[PDB]
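These notes are about the structure you will find just below.
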DNA sequence: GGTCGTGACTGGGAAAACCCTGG
DNA sequence: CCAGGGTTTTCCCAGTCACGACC
């Protein structure tokens, strides 16, 4: 029947599906190899467990255009990249005309030939373009100057505000102040900014112009890691850009010639380096899958509307209210300390006993009632006349404790407010007024040796300071992000933020207002860190004339307002592993009621008539590491105990490594995930020691070191469960060119072992898995584009947030789109199998648990993003209907396995 | 809940809520059937009303406040029966059973009712105020006053609650926009004068006809109480209040003539007054001091005197009192206290009473230039000349925001 | 004759300018007098609020022995005005005819004996709070309580009128002295704002119980009407409310402790409001210029706003800035520049005088040039130019100079 | 590792002040 | 006795030091 199993009796792919994908031929491991595998799995003790068979899939898959699967995908990628490959070949043979002698002050585009003559041009139509824009941040979000060298002639784009003098235009932002650029490819340095300036990537219909980033290809060919580039900058040590930002508009119109010369030199040099390294980019990325996936990734599109405006404005306003409350709370504590002066009671407090409290001395008939009142008032004003004494400069509140004066505004200053209005959260009197406790002991500050804690023991330890002769209490320095050799600043630090979460720093006395500013700070940490980034987004508001008729004919369009787009200015290849790293959008954060303005994802909502299909690629990197270990063990699925745990693993049943590590060590879920990831990423024994030191401190250095050694003796074995993957990566590192198992695309030359030898292993160990993830995302986007072009299915790539992938689709094709995604995932796993020589595939691994279809962006379709800045939620303030989740069986039941519209 | 009762004995002792301990029960104060407030409580009600009047009518252009009659006249809560007619009916022994029954039925069918919801007042004055505003929309009519409510006693009773209401007549296109705006503004008003506005909460409720409004509460030490309500009642009530043609019942929004809409606010100011009382007192040596915010505390300046030249000292104190009174501040004339109490006990009494500053006029004021000044917030002394001191106080009030 | 027609024209202005609201059928002099009117308009609400503020400044502010009290709108039972009735119980009882005539009368009495009352005066709340206030002030007789608020009375319907009540607990010896003081202060305060102080007529009187007091009247063209009354109470009221130990009701002057005499000062506010509305009405030379010249301390809105010819947005910005500046300084305003269909300048002046606006402010492009604005007075209608940086101080000075004089 | 924020330590001409003094 | 000189004494703009968000 359709149900079939491996020799390890794990539910593999269905016979029909395996016949459709693999073609012909079934395999089995060798007798000595399978005996070794049986003995090894019996050694680990995980052998001999049941497995409930999942229902199979009987689907007539679409035919594969090619007998070999990898060759068929390579042909598909070549077909996708063919116009852009031809444009890149034209850019290789592109001629650079000499420097024009003049640069016209014309609005929009101006052409300058070999003689530099002025030609009025509207839309330059080169097949290949090299681009660089200049951004005028002094005039809002409007750039000014853009260059375009070409095989024919120079092109200059001058903004509308550059030619005009000052002038008033419409508010907010519109694409009318943006560049209006057969398919075309634009290659340049940070073409994300250019795309933010290019009008042709804002309509919901999509376009055909694509962009190649010389930053991306530069990181693919010759890039550096964080520590390597930092050390290179440190060893290297031993004006127009700043002026252009501060140029407003007149001074930009002043120094035009030198800035244009700088731009021409930069464009020429970048083009020269690009055309030198474009064969390097071609050979170092032999698959056209790389080019096609990068071109699909660099056109990431986000839809927004007026409600995102609310998520900006209200959140900042909300922050203001919260900020106000924080100040008020601090002031209350300050007032309390005044009472401690009474009877020198402050000479007994554990926290507030080392400040400047000493008082400052002071230096030097109706006629009856009418007559009485006038005489009394006259005597009052005569007493008011006694003003020819006392110091003309007033003493700033004498008698009070001196630090309370230091927190108070001077009486003469016009920025005066009642109470200690000058107090901020970061003053040295803030923690002492908070009466902070570090696990049963008070804090203590010294300018000599930073912050620590006093324990009534003098008459275990953490950084002993026997020099600090505090009477009766030993002083132990507070832990820092950089060990005991550094000093901690204000205790309200980012690195102390997790320590704030698990009750390692609580006030206690003053049970309401003491532990309240702590909660406010822990709430406003996110918005305080990211408000500049979120406010700096260049939202572009789409006019209705170029909007699609799908929303225009739909009654759900909001005619009173407008819609718009956010283009993620995300570096596609911005890591050593070219992982999509961007600190604002692609960060691993989710909406909670305990982070202020944490509904950043929640305003990415589809236009009417449209939806978003999301695939959470669960255990992507985990399965990549597991399948590398299994391939290096015996070349099957579940070869190792870790591989079988990957095949047979349920979080509800606890059969994962996470529950076992939580039982063995005693850390949190996130701590276990980070530890297992870093060990997968290649954490060393000192890395494990500092990772355990970063977590809960119920142990010492010796106990944590012994537990780390015992943990190292289990998973890696005598180097066990996963060391075959490590030996695979070592065999990759032993080669002259480090080639990935998935694609063979070599990493940047900084990590080549010719000048490094057996060093910096951890970065490459992470890099193999992350490059496999890059290939996974590229293959997923390639398969989505291929099935869209194959079955005429609408849609657009929305975003690829590291692990998850969101696609912007139209409504009427949603299930059909979801169906394609299912097959795509299978093929992706199959391609990984076809890039590891595996002769089979499990049933459960090839399919995700579910695929989500929604009208708004979120991790799951059950959370409404209840936050302090969105208190009612999406279901009340915005009325957004919740999403739906589907499985392969539900998709098949809804679509009947049909590949076309019914 | 001893501190809640310990606050109550302070609120009874220092003349905030009138009555005795037996009626000092939570339901009696919370249910609007309270036995009355003290003089300082009345001044706190007046301060809350003044701040509401600034926030609602003064700083908003389109709000034209109106006053509707106290009782709703018949035909048609509670009903009213005159004593004279009852006496005439009862004294007429010639009356039979049937005539008395007919009189009682007529009374039940022709009885006015003391009002509960002030929406009907705006629904009565809407046409006149539409003539007033020259058909400028949106707008609204505001009013503060005491309303009358049934008491659902578990042991008839009438509970008197002071309510501030406004009916924002708005275009229907921008209804929920104004609803969110007014929720934000009024929650900011209820959070403006608080020690801990986290105890002020917000929730939303849905009417039976699909209308949605927001509800505000305060985290009392025994559970929430409803402090304000909102209900966008649409246009059913106004249409019901004027059947027939819609020629009068219309308005202009921009260039489009549209039927208006109904928004409502119901603010129980007595509930908020007790709420702010519980916000002021928050439960080392304890110091029973009510920390009211320096805009709603009923008496600002405290003025006293010492032993010595009582004629000249009394002249100076009386002049200072009149000078401060001419500048709008309110002072507690404590200088007439011939019964010499200690400065500790005097300060304790004047700090339970939520007084901003205590000014002490000694003989040294008649010597060179100096008066003592102790702040409630810090309980630390200060010296000042008289001529500066007045301005200090007024800018302190001006720095409340 | 024509005076009543002019008063009706004033009432039609009150309908037009929203001082007094109602209908032409409701325009009856006694209907205004008793309190049968459907209620004053918003400008009348502002007039009443200013009058109440003036009263509160007069009485409770500048006295160290007068404290504010607030008596409830109901008096609970069983008691000795209408009667508060819970309706549902009465309806359910009326549903039965089985009970005979005697049973019906008896249960009507049983309900009646447990029936609360809407109040008639404001005395009884202060009388109940006398024990607490005597404990508060340490018996330093005399001392007073006060309340401004509405009271309901029957008309041969139920009419509500806002009145001001001051209760004076005085030693019996100083009774006539404090009575004369309060009478003189009250008469002067009522004569303070009107154009013709001789019309306020004060007459002494004594009741059937030998209770001395005084009565204030204002002279409408249809005769005299009551504005304010003063009375004595004696000493049986405190014993009636609090029978028992008299020393617990004793207050001290010097060392002598006595049961204090009670004096009542009770005055209508809405009838005096109508009287001042009549007072402000003048005809300045078939129809003359109707000027509603209220006193500046009692006028509803002080300073209006207008726009000139030129830039719409810039003039609106200037008017909005002046509006906000006057809002912060605390002067009542009238932002009525929003009329696109404008009338004549003479008609605009007449309209703003019909609202009894004190001064008319006009803003042109010359304000953008130098900051001067046109300012029209009320009585003489003189048009001057004043800079925009001192108009708020000028109006503050006008209010304060009227207050001082 | 390097860069630009915030807040503590301090410190030197100066504005007023005190003590003493010349005439 | 009224202005001026020697010494106090902070005072306030300014510099100088450290560590935490960012590149």
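Residues displayed in chain A correspond, in order, to Swiss-Prot positions 67-247, 262-318, 372-497, 534-628, 734-993, 1052-1234.
Structure determined by electron microscopy, 4.2 Å.
Including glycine, each Cβ sits where the backbone N, Cα and C put it.
Taken verbatim from Swiss-Prot:
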- A:395-403: motif 'Exo III' (MOTIF)
- A:858-864: region 'Trigger loop' (REGION)
- A:890, A:891, A:1135: Mg(2+) 2 binding site (BINDING)
- A:1134-1141: motif 'Pol C' (MOTIF)
Point to revise | For the region 'Trigger loop' (A:858-864), sequence-distant contacts whose Cβ falls under 8 Å of one of its Cβ atoms, 6 or more beyond its ends | key: 800, 804, 807-808, 842, 844, 872, 874-875, 1131, 1133-1134, 1191, 1195
Review point. Between residue A:628 and residue A:734 the model skips 105 residues; how long is the Cα-Cα span in Å?
Key: 16
Point to revise | Residues from A:890, A:891, A:1135 facing chain C - binding-site residues, CB under 8 A | key: none
Revision key, fill the gap. Between the Cα of residue A:497 and the Cα of residue A:534, on either side of 36 unmodelled residues, the distance in whole Å is 44
Practice item. Would you mind checking how many other C-beta atoms are within 10 angstroms of the C-beta on residue A:1135 (Mg(2+) 2 binding site)? Key: 17
Practice item. Since 53 residues are absent from the deposited coordinates between residue A:318 and residue A:372, report the CA-CA separation in Å as an integer. Key: 23
Point to revise | Cβ neighbours within the same chain of residue A:890 (Mg(2+) 2 binding site) - under 8 Å, at least six residues apart | key: A:1135, A:1136, A:1180, A:1184, A:1191
Check your understanding: Which are the residues of the chain, A:890, A:891, A:1135 excluded, whose CB is within 8 A of where the CB atoms of the Mg(2+) 2 site average out, their centroid?
Key -> A:889, A:892, A:894, A:1134, A:1136, A:1137
Check your understanding: Relative to the Cβ of residue A:891 (Mg(2+) 2 binding site), which residues of the same chain, six or more apart in sequence, are found under 8 Å away?
Key -> A:1108, A:1112, A:1135, A:1136, A:1137, A:1157, A:1180
Revision key, fill the gap. The motif 'Exo III' (A:395-403) resolves under DSSP into 9 helix, 0 strand, 0 coil
Point to revise | Anchor-to-anchor CA distance, Å, residue A:247 and residue A:262 (intervening 14 residues not built) | key: 12
Point to revise | Cα-to-Cα distance of termini bounding the 58-residue gap, residue A:993 and residue A:1052, in Å | key: 8
